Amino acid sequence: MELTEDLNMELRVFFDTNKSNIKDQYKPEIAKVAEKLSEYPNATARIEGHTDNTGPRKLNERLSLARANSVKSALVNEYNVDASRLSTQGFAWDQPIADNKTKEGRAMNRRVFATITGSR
């Protein structure tokens, strides 16, 4: 029989200003990502971090990547997910999803989006 199941997941984690820690409220989502990475052992994740547009370019290059790395670290260190399955990249403020002129637009931009894909 031909039978396949395809996984597609998207995780969104948000961060406070200048912070790259994972807030406790995001732990259940990371745990679910880890469960699906075990259920689909060929799956991989592309984790992309971002900043709002405030502060030096240099801070935000590092901060965007640190936030992606924080997501990867939680998976690797707390869920024993192999690191090589998880890519990380930071886009500093280059890819806004909301208006940087509002406190709430800035909150939306301070984020990691991770895309998990696999098949079994």
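Residue indices: 1-based, along the sequence shown.
Look at the mean CA B-factor for 34 to 42 and for 85 to 93 in the entry; the higher one is 85 to 93. With 72 to 80 and 58 to 66 compared on mean CA B-factor from the PDB entry, the stretch scoring higher is 58 to 66.
Among all modelled residues in its chain, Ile116 ranks in the middle third by Cα B-factor. For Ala98, the recorded CA B-factor ranks within the highest third of the chain. Only modelled residues enter the ranking. Per-chain ranking of the deposited C-alpha B factor places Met108 in the highest third.
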